[PDB]
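*Asks:* Take a look at this one; I'll ask things after.
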Amino acid sequence: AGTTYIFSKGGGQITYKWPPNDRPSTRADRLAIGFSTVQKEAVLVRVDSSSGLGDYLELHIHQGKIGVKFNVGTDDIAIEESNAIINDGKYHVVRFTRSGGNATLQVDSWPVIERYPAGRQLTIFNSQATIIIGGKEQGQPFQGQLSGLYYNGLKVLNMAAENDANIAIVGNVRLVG
Amino acid sequence: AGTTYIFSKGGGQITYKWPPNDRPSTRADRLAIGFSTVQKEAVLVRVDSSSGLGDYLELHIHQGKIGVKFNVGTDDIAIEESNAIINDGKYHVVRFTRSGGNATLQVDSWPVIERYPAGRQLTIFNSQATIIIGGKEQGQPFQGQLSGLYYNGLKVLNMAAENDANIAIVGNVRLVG
Amino acid sequence: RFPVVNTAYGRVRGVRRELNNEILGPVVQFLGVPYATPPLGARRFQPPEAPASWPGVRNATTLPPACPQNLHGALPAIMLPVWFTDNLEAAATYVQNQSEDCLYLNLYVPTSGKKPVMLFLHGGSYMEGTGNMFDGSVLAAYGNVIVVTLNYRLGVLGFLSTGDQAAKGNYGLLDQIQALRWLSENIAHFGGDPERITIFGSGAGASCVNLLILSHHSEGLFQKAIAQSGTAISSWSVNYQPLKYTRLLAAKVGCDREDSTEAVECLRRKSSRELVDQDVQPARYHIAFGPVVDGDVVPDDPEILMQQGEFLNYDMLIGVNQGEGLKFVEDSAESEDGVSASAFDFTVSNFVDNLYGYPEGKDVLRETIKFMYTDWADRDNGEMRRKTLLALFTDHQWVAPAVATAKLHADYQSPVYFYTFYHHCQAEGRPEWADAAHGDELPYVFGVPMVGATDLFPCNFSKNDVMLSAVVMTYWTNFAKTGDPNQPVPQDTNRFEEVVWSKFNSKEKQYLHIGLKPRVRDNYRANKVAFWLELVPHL
Amino acid sequence: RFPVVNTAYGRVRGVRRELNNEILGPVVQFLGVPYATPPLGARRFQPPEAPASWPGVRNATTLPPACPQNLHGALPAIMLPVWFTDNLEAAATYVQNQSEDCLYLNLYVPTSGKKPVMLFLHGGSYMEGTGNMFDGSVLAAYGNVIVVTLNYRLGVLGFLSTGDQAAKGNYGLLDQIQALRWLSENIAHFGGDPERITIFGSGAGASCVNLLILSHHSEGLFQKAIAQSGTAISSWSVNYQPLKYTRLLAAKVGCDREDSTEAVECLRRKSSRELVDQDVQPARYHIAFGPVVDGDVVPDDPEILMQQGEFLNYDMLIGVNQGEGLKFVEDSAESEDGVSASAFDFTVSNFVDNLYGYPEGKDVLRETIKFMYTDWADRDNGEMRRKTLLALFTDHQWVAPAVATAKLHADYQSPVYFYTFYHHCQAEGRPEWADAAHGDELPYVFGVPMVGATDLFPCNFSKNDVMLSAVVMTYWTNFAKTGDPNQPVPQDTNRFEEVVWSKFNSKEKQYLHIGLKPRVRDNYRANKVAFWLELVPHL
Ligand SMILES: *[C@@H]1O[C@H](CO)[C@@H](O)[C@H](O)[C@H]1NC(C)=O
Ligand SMILES: *[C@@H]1O[C@H](CO)[C@@H](O)[C@H](O)[C@H]1NC(C)=O
Ligand SMILES: *[C@@H]1O[C@H](CO)[C@@H](O)[C@H](O)[C@H]1NC(C)=O
Ligand SMILES: *[C@@H]1O[C@H](CO)[C@@H](O)[C@H](O)[C@H]1NC(C)=O
Ligand SMILES: *[C@@H]1O[C@H](CO)[C@@H](O)[C@H](O)[C@H]1NC(C)=O
Ligand SMILES: *[C@@H]1O[C@H](CO)[C@@H](O)[C@H](O)[C@H]1NC(C)=O
Ligand SMILES: [Ca+2]
Ligand SMILES: [Ca+2]
């Protein structure tokens, strides 16, 4: 486990706000996180576009199963590790590779669950605004520990621990160690 | 029997130009004129509208028959005295009364002839501009003697004999006495 | 004094009221002189006749009664002048003695040859108004002209018709023509000139002027016409469906016989109060009772009639205001912003259905007139949508017909002078964003600012208002005298001195922009006028 | 000297030509380095491959040969730049060494770290032009940037397609992408910055730039873009029926098979000169051979793709000139008066028939776009009808698509800077009434005023033109350096110092008005732009 940030009672949210003049857009998305919790329903990682754009990326645990749901503009595509229980209290790592509409999810060394959506789907994640971790505002606060957040060449917890000028943690989210 | 203007060899023309700010438009027309000639084909009185408007009134002798043709806007309504010959050298007086599309032509003491054109017809004679007597510019020069041209309370020949400013004499028009 | 004059029907004794202002001479007022027999019995729904001679001297000192009218009813509130509807309770003071024998008139003689006469045709709509409101005594003593006002039958008693010979209609127009005949044959005694008779009016009365030009009946009665804010070719100038409203009114009043003669005869036996006080609702932007195309007074459709030059070369002075559809935007005049985006395509849509309503196509017309009448540099201003709605109504109903009539009258070589009025009196109940509304030029023409605020015009008049009133009064009186607004009298008590009002040629549509900064412009709203005259017919 | 720089495929020898002017530093020119294998035989009608390494040092001192083309043939003369049509002989002087082996590019290194790179995508149309015509040496010496001008396959050899898999097409776009890849992975050796690469071109070449934005092939190759007088949504930007013209060319050349693969092979068996000289005429205001929507390089039509945010946030600098349809009115450009109405209506009807031609309705569209594009205040001018026709062509083809694509690129929070060019080089044959035409900003961007008149631009360039050119390249080089035309270098030798260029927000369409008298204006031709974008689709 890398830089471990804990989520205690009451929850919280850590936000990375991209600079207004340097908002990135990308065809392919990459995600990786090592989480430890027992919450049946929660939201761990949420990525939002700017104002007026419906594209979003959401990592959410529903009924104890973690899943990735992204809306790139046409429709929501959701992939879930349905045949696996993850909220056992241990440290579980997950990776999520996105390319166009296609998406692959890997858990530790367990077999990868892939998804190749049919039909015409959009491929661009337009003008990402903030990285949201904690999911309290959506309605599913996350209580647990998080480590090793990699997102398209960005290590969020690392530069959060490095006291970057565009990171804000509101709540009781404490650094482990 | 008043002022008499006699045409001579070649031809002549009398032009009355209404003032630009006092051009009359009338629903009723009266034209009385005494003439003496032996020409088979000629035109005596021609009244035209201003530039652009096709309204006109033309008194003409054709094949020994005297007739008036007027365009008030719909069609050239022409009434002709056919059961008589007038260019025999004797003095004659002709009167023409027009109301709307209806016309009445009288010569000497013979019974008047009435024209009552059928259908919807226009009435207003719009913006009379000039009076042409003799028709030198019309195409048929007139040779003879004319007297007492009465037109809607106006005597063109009477005004001509007093050196009217708007009256123009061009050609071989001669004054008796 | 107490002067008396000998008319062709007897002698009438008049009064000599002196005007308040120190720059105006005395005025002799002969109020109430009859001009026609009183249509009460079988003479109702019949054209008027000449009066009956009276032995002795008739007292003409008190204002005559007005014609029957239901002011507290379903009057068309769009075509009425703004000051009339604003001071509706004060206007009802003048119309209180409503009687069926209202056919009277009143002259205001003043005290370089003889004097010209100016008849005034009143009526914001065809069912209201009386000539006693406009005290044309300030105008008479200023321009040395004889101002005459009249009363004619209005509403059902005036314009009821069916189509056949049972009730031809247009009895109000015939009453106006009878008044003009009385002036023509009797004004010499009063000191006027019977061959220099101008006829002017504002609103629906102006429409009457533009119907007294295309009328066979009025040939030699007058010579000049001043039609301010009114045309004969707009949507509410004539009534093209008289039989429907006549039959509906007959059914409502108590008798609707299937034969026109029987129904008319039954109506003739009913009192004026029980049939004037009815409620007959016309379609929007139209009229129920008004002038009808019959064949006698109005030979044909005025739009068709005047395109073929069926007029006798009368000098003309047409005018409009900047914004006259001030009552079009009435449901959105007490809002901080203008109108909503969904409230801009609703008024325009209702406008389209009420006026055009073509089944061949209306999704092309609505879109193009919605695109044209919006400011694309301020697309989401809000206020500059109320402004454009007011401009849309003003352009469709008042400016385009006026320009069309001026062009069709100047095509046949008749001197037409066009004017646009921008200044207005700052009233109490009118919005600040608004501009010179319908009928807001009448106080200046009649010299109200030079006499002080009245019950009808409670506005505050400064020196600018008085100067503008004097200028417009001088222009109108010069037109009455000589048919040229600037010929006889130079401007006096300013930028009005060096401006020369030019004619209105159909090639270069020159006009005078009357206001606080007068200047002879070249084209008034060319884009929208051309849109309404030359593009809308193609769609 | 003769500097030698080692690339990733070998070593090249440049030159050190010194500019005519004084204040400009020396420029090192590597004229003629290759970037792809020459598509001569079987590789013809195939996407390019990486080059082949050479042993030793290769001369880079002479201008590389141009790709095959036919200047003295049947070309679309309506889309070509005015300076290219006027000086046809001086232009054909450059294209004399035409050969199928032409995939070479020229770099102009100057003499605050690594210098930015500016690629120039030339081409008035897709059938003509070469990179040797624009001496991008003054621009490099002024802005301290590295200008790279390339040569890519044009016409039949670069854009022939069948829709099938036998000939996908868009080989010119793939050549440009290969050149961008070469610059990205090789410009570090020349001192350039592989992370600040801009692409800028005029005319239909700028269209390529736009078509290079909606392609996933060019993902990280370039960071910015400057598209002047060109878009990917105008009528002549992409080819929508490539088979209809490929079959026509194959039939006219001698072999028209019914199988795509064998026809492609037969064409590959032909010589590069025989099929270039062949005349295939496209429909008016369209192109015969050009970019084709297949799914690999251009996934769908550029209008649909750019609406649903299919781009990766490239800083953008769009602009247009004031009047670009100077060759739309050329059949009636040498008359004392302008276009008679009988010919204005004919030209508008031909315009509608060629471009829209929609059978659903045309008697409505023609009338409304005739009414919109005429000034009713001076309707009978005649002379100022060429102006409205020029404005019609400029608005439909250039201004409206540029504004639409600027709004679409600015609706996804990507910087857009809008410019309008008014000044132009005073030529000899250019009419006095005409204003800055198509491609009349290229001399100013490239520093032609600061180096003197050349064979392509024979105008007399005064000090005003020198100052304007200095300011224009200052803006362009500032954008290349950082993406904001105001921050790097303050304006210096004037009205150009106090004006601050602002972004193009969709709500407030702010832009800068480059010309004699600059100004940061608020809306460019909002009426006509809104007419073409929001009303015509409803008709
Ligand atoms: C996504 O999957 C489809 C399924 O065949 C494939 O064609 C496509 O190439 C994939 N996306 C990418 C970016 O490779
Ligand atoms: C002409 O005569 C007909 C038939 O008598 C009549 O109806 C019509 O009114 C007359 N025209 C005029 C202008 O009086
Ligand atoms: C006429 O009016 C005057 C003034 O009011 C009055 O003295 C006189 O008695 C009146 N005469 C008649 C007959 O009404
Ligand atoms: C009119 O203006 C004057 C000031 O010139 C003011 O004293 C007066 O109260 C005003 N009248 C009204 C009715 O507002
Ligand atoms: C080009 O290469 C030749 C080959 O030897 C060499 O002699 C020459 O100096 C080079 N440079 C030129 C011709 O500018
Ligand atoms: C421009 O320069 C040329 C050559 O120096 C000269 O002939 C011409 O008169 C000058 N002026 C122009 C073209 O207006
Ligand atoms: Ca999207
Ligand atoms: Ca006529």
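Labeling convention for the structure tokens: chains A, B, ... as they appear, residues from 1 per chain, ligands from 1 in order of appearance.
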Counting only C-alpha atoms and all ligand atoms, name the residues that have an atom within 8 Å of an atom of ligand 4; the answer should be given as a list in words.
*Replies:*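 Counting only what the definition allows, namely only C-alpha atoms and all ligand atoms, the set is residues 458, 459, 460, 461 and 462 of chain C.
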*Asks:* Quick one: everything within 8 Å of residue 7 in chain A, counting only C-alpha atoms, minus sequence neighbours fewer than 6 positions away in the same chain. Send it as a short mmCIF file (atom, residue, chain, number, x, y, z; two decimals) with C-alpha atoms, in the first residue's frame.
*Replies:*
```cif
data_model
loop_
_atom_site.label_atom_id
_atom_site.label_comp_id
_atom_site.auth_asym_id
_atom_site.auth_seq_id
_atom_site.Cartn_x
_atom_site.Cartn_y
_atom_site.Cartn_z
CA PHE A 142 -17.08 6.11 1.61
CA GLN A 143 -15.58 4.95 4.92
CA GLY A 144 -12.29 3.07 4.64
CA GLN A 145 -8.70 3.37 3.45
CA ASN A 172 -12.12 13.86 8.59
CA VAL A 173 -10.05 12.13 5.88
CA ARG A 174 -6.75 11.46 7.65
#
```
*Asks:* With distances taken over only C-alpha atoms, which residue among D:310, D:367, D:49, D:22 lies nearest chain A?
*Replies:*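 Among the listed residues, D:310 lies closest to chain A.
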*Asks:* Set the cut-off to 10 Å, count only C-alpha atoms and all ligand atoms, and list whatever residues fall near ligand 5 as number ranges by chain.
*Replies:* D: 2, 13-15, 57-62
*Asks:* Mind checking which residues fall within 9 Å of range 61-70 of chain B, counting only C-alpha atoms, ignoring those fewer than 5 positions away in the same chain, and posting them as an MDAnalysis selection string?
*Replies:* chainID B and resid 38:44 55:56 75:88 94 96 105 107
*Asks:* Which one of C:407, C:72, C:396, C:217 sits closest to chain B if you count only C-alpha atoms?
*Replies:* C:217
*Asks:* Which is closer to ligand 7 than all the others in D:180, D:147, D:326, D:306, using only C-alpha atoms and all ligand atoms?
*Replies:*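 The closest residue to ligand 7 is D:306.
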*Asks:* Using DSSP on the backbone coordinates, identify the residues of range 57-175 of chain B assigned to strand (DSSP E or B); present them as a compact mmCIF listing (two decimals) with N, CA, C and O atoms, in the first residue's frame.
*Replies:*
```txt
# COMPACT_ATOMS: atom_id res chain seq x y z
N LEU B 57 -57.14 60.74 -73.95
CA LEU B 57 -58.37 61.03 -74.67
C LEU B 57 -58.00 61.57 -76.04
O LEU B 57 -57.20 62.51 -76.13
N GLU B 58 -58.58 61.01 -77.10
CA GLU B 58 -58.18 61.35 -78.46
C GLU B 58 -59.41 61.49 -79.33
O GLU B 58 -60.21 60.55 -79.46
N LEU B 59 -59.57 62.66 -79.95
CA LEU B 59 -60.63 62.93 -80.91
C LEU B 59 -60.03 62.90 -82.31
O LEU B 59 -59.09 63.65 -82.60
N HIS B 60 -60.56 62.04 -83.18
CA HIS B 60 -59.94 61.79 -84.47
C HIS B 60 -60.99 61.58 -85.54
O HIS B 60 -62.05 61.00 -85.29
N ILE B 61 -60.67 62.05 -86.74
CA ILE B 61 -61.49 61.84 -87.93
C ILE B 61 -60.83 60.75 -88.76
O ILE B 61 -59.65 60.85 -89.11
N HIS B 62 -61.59 59.69 -89.06
CA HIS B 62 -61.08 58.54 -89.78
C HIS B 62 -62.13 58.07 -90.77
O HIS B 62 -63.26 57.76 -90.37
N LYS B 65 -65.52 59.56 -90.66
CA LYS B 65 -66.27 59.36 -89.42
C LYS B 65 -65.48 59.94 -88.26
O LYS B 65 -64.30 59.63 -88.09
N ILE B 66 -66.13 60.79 -87.47
CA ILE B 66 -65.49 61.43 -86.33
C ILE B 66 -65.76 60.60 -85.08
O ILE B 66 -66.90 60.17 -84.85
N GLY B 67 -64.73 60.35 -84.30
CA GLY B 67 -64.87 59.50 -83.13
C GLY B 67 -63.87 59.84 -82.05
O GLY B 67 -62.79 60.37 -82.32
N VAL B 68 -64.23 59.51 -80.81
CA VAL B 68 -63.38 59.74 -79.65
C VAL B 68 -63.03 58.40 -79.03
O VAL B 68 -63.91 57.57 -78.79
N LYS B 69 -61.74 58.20 -78.77
CA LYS B 69 -61.22 57.02 -78.09
C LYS B 69 -60.52 57.46 -76.81
O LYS B 69 -59.64 58.32 -76.85
N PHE B 70 -60.93 56.88 -75.69
CA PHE B 70 -60.33 57.23 -74.40
C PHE B 70 -59.89 55.97 -73.66
O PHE B 70 -60.57 54.94 -73.68
N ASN B 71 -58.73 56.08 -73.03
CA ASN B 71 -58.18 55.06 -72.14
C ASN B 71 -58.20 55.62 -70.73
O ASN B 71 -57.42 56.53 -70.41
N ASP B 76 -59.22 50.71 -74.27
CA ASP B 76 -59.46 51.88 -75.10
C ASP B 76 -60.90 51.89 -75.60
O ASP B 76 -61.21 51.27 -76.62
N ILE B 77 -61.79 52.57 -74.88
CA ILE B 77 -63.18 52.64 -75.29
C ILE B 77 -63.32 53.74 -76.33
O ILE B 77 -63.01 54.91 -76.06
N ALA B 78 -63.77 53.37 -77.52
CA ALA B 78 -63.89 54.30 -78.64
C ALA B 78 -65.32 54.31 -79.14
O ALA B 78 -65.89 53.25 -79.42
N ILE B 79 -65.90 55.50 -79.26
CA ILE B 79 -67.22 55.68 -79.84
C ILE B 79 -67.08 56.55 -81.08
O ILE B 79 -66.42 57.59 -81.05
N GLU B 80 -67.69 56.10 -82.17
CA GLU B 80 -67.50 56.70 -83.49
C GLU B 80 -68.86 56.99 -84.12
O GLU B 80 -69.78 56.18 -84.02
N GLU B 81 -68.97 58.15 -84.76
CA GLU B 81 -70.17 58.52 -85.50
C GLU B 81 -70.02 57.99 -86.92
O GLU B 81 -69.37 58.61 -87.76
N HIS B 92 -68.86 72.35 -88.87
CA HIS B 92 -69.51 71.45 -87.93
C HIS B 92 -69.09 71.80 -86.51
O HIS B 92 -68.06 72.42 -86.29
N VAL B 93 -69.93 71.41 -85.55
CA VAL B 93 -69.63 71.54 -84.13
C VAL B 93 -69.89 70.20 -83.47
O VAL B 93 -70.96 69.60 -83.68
N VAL B 94 -68.93 69.72 -82.69
CA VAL B 94 -69.01 68.40 -82.07
C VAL B 94 -68.83 68.54 -80.56
O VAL B 94 -67.95 69.27 -80.09
N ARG B 95 -69.68 67.84 -79.81
CA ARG B 95 -69.66 67.80 -78.36
C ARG B 95 -69.51 66.36 -77.89
O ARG B 95 -70.08 65.44 -78.48
N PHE B 96 -68.73 66.17 -76.83
CA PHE B 96 -68.46 64.85 -76.27
C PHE B 96 -68.54 64.95 -74.75
O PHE B 96 -67.81 65.75 -74.15
N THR B 97 -69.41 64.15 -74.15
CA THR B 97 -69.59 64.13 -72.70
C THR B 97 -69.30 62.73 -72.19
O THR B 97 -69.89 61.75 -72.67
N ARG B 98 -68.41 62.63 -71.21
CA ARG B 98 -67.96 61.35 -70.67
C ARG B 98 -68.16 61.33 -69.17
O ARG B 98 -67.78 62.28 -68.47
N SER B 99 -68.74 60.25 -68.67
CA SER B 99 -68.91 60.03 -67.23
C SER B 99 -68.60 58.57 -66.93
O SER B 99 -69.30 57.68 -67.42
N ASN B 102 -69.14 55.58 -69.43
CA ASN B 102 -70.21 55.94 -70.35
C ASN B 102 -69.85 57.19 -71.13
O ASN B 102 -69.27 58.14 -70.59
N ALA B 103 -70.20 57.20 -72.42
CA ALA B 103 -69.84 58.29 -73.31
C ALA B 103 -71.04 58.68 -74.17
O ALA B 103 -71.91 57.86 -74.47
N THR B 104 -71.05 59.95 -74.59
CA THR B 104 -72.11 60.48 -75.44
C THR B 104 -71.48 61.46 -76.43
O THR B 104 -70.81 62.42 -76.02
N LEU B 105 -71.68 61.20 -77.72
CA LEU B 105 -71.10 62.00 -78.79
C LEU B 105 -72.23 62.61 -79.62
O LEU B 105 -73.16 61.91 -80.02
N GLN B 106 -72.13 63.92 -79.88
CA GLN B 106 -73.13 64.64 -80.65
C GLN B 106 -72.43 65.53 -81.66
O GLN B 106 -71.39 66.12 -81.37
N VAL B 107 -73.00 65.62 -82.86
CA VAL B 107 -72.49 66.50 -83.91
C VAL B 107 -73.66 67.24 -84.54
O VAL B 107 -74.67 66.63 -84.90
N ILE B 113 -75.20 59.85 -80.11
CA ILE B 113 -74.85 58.44 -80.04
C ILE B 113 -74.24 58.15 -78.67
O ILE B 113 -73.40 58.92 -78.18
N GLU B 114 -74.69 57.07 -78.04
CA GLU B 114 -74.32 56.75 -76.68
C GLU B 114 -73.55 55.44 -76.65
O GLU B 114 -73.95 54.46 -77.30
N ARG B 115 -72.44 55.42 -75.91
CA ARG B 115 -71.65 54.22 -75.69
C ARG B 115 -71.72 53.86 -74.21
O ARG B 115 -71.39 54.68 -73.35
N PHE B 125 -59.92 59.76 -64.69
CA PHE B 125 -58.90 60.20 -65.63
C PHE B 125 -57.78 60.86 -64.83
O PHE B 125 -57.95 61.99 -64.34
N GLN B 128 -54.24 64.73 -65.82
CA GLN B 128 -54.12 65.32 -67.14
C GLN B 128 -52.93 66.26 -67.18
O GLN B 128 -52.74 67.08 -66.27
N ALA B 129 -52.11 66.15 -68.23
CA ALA B 129 -50.88 66.92 -68.33
C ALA B 129 -50.92 67.95 -69.45
O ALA B 129 -50.68 69.14 -69.20
N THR B 130 -51.21 67.54 -70.67
CA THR B 130 -51.15 68.43 -71.82
C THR B 130 -52.35 68.22 -72.72
O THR B 130 -52.94 67.14 -72.77
N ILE B 131 -52.71 69.29 -73.43
CA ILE B 131 -53.72 69.25 -74.49
C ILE B 131 -53.02 69.48 -75.81
O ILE B 131 -52.31 70.48 -75.98
N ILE B 132 -53.23 68.57 -76.76
CA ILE B 132 -52.63 68.65 -78.09
C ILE B 132 -53.74 68.89 -79.10
O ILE B 132 -54.69 68.09 -79.18
N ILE B 133 -53.63 69.97 -79.86
CA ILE B 133 -54.60 70.32 -80.89
C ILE B 133 -53.88 70.33 -82.23
O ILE B 133 -52.88 71.03 -82.40
N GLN B 145 -59.73 74.57 -90.13
CA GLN B 145 -60.00 75.65 -89.20
C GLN B 145 -60.72 75.11 -87.97
O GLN B 145 -61.58 74.24 -88.08
N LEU B 146 -60.35 75.64 -86.80
CA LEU B 146 -60.90 75.22 -85.53
C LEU B 146 -61.32 76.44 -84.72
O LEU B 146 -60.72 77.51 -84.83
N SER B 147 -62.35 76.26 -83.89
CA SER B 147 -62.87 77.35 -83.07
C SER B 147 -63.54 76.79 -81.83
O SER B 147 -64.07 75.67 -81.83
N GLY B 148 -63.52 77.59 -80.76
CA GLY B 148 -64.23 77.29 -79.53
C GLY B 148 -63.99 75.91 -78.96
O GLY B 148 -64.91 75.09 -78.92
N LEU B 149 -62.77 75.63 -78.51
CA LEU B 149 -62.44 74.34 -77.90
C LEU B 149 -62.71 74.44 -76.40
O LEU B 149 -61.87 74.91 -75.64
N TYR B 150 -63.89 73.99 -75.99
CA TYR B 150 -64.32 74.07 -74.60
C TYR B 150 -64.08 72.72 -73.93
O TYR B 150 -64.55 71.69 -74.42
N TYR B 151 -63.34 72.74 -72.82
CA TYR B 151 -62.94 71.50 -72.14
C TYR B 151 -63.02 71.72 -70.63
O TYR B 151 -62.12 72.30 -70.03
N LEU B 154 -62.90 75.16 -69.55
CA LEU B 154 -61.68 75.78 -70.06
C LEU B 154 -61.77 75.90 -71.57
O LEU B 154 -62.17 74.95 -72.25
N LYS B 155 -61.39 77.07 -72.09
CA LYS B 155 -61.38 77.33 -73.53
C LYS B 155 -59.93 77.52 -73.95
O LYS B 155 -59.34 78.59 -73.74
N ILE B 167 -49.45 78.25 -73.38
CA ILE B 167 -49.86 77.84 -74.72
C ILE B 167 -48.67 77.98 -75.66
O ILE B 167 -48.01 79.03 -75.70
N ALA B 168 -48.38 76.92 -76.41
CA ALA B 168 -47.29 76.90 -77.37
C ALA B 168 -47.84 76.63 -78.76
O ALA B 168 -48.67 75.73 -78.94
N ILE B 169 -47.37 77.40 -79.74
CA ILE B 169 -47.79 77.28 -81.13
C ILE B 169 -46.57 76.86 -81.94
O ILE B 169 -45.53 77.53 -81.89
N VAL B 170 -46.68 75.75 -82.67
CA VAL B 170 -45.57 75.27 -83.48
C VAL B 170 -46.11 74.74 -84.80
O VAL B 170 -46.99 73.88 -84.81
N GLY B 171 -45.59 75.27 -85.91
CA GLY B 171 -45.97 74.81 -87.24
C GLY B 171 -46.61 75.93 -88.05
O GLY B 171 -46.20 77.09 -87.96
N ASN B 172 -47.62 75.56 -88.83
CA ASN B 172 -48.31 76.49 -89.72
C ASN B 172 -49.68 76.88 -89.19
O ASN B 172 -50.64 77.05 -89.95
N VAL B 173 -49.82 77.04 -87.87
CA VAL B 173 -51.07 77.50 -87.29
C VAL B 173 -51.20 79.00 -87.52
O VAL B 173 -50.30 79.77 -87.16
N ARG B 174 -52.31 79.41 -88.11
CA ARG B 174 -52.58 80.81 -88.41
C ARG B 174 -53.85 81.24 -87.70
O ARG B 174 -54.77 80.44 -87.49
N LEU B 175 -53.90 82.52 -87.34
CA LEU B 175 -55.05 83.10 -86.66
C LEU B 175 -55.83 83.97 -87.63
O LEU B 175 -55.25 84.84 -88.30
```
*Asks:* Would you list the residues that come within 12 Å of ligand 7? Count only C-alpha atoms and all ligand atoms and give the answer as JSON, numbers by chain.
*Replies:* {"A": [25, 26, 27, 48, 49, 50, 52, 53, 54, 55, 56, 57, 70, 71, 72, 73, 74, 75, 76, 100, 101, 121, 122, 123, 124, 125, 126, 127, 128], "D": [305, 306, 307, 308, 309, 310, 311, 312, 411, 412]}
*Asks:* By how many Å are CA of residue 9 in chain B and CA of residue 162 in chain B apart?
*Replies:* 24.1 Å
*Asks:* For residue 110 in chain C, find every residue with an atom within 6 Å (counting only C-alpha atoms), except residues of its own chain fewer than 3 positions away, and show them as a count of residues only.
*Replies:* 4
*Asks:* When you draw a straight line from CA of residue 187 in chain C to CA of residue 11 in chain C, how long is it in Å?
*Replies:*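 Going from CA of residue 187 in chain C over to CA of residue 11 in chain C covers 13.0 Å.
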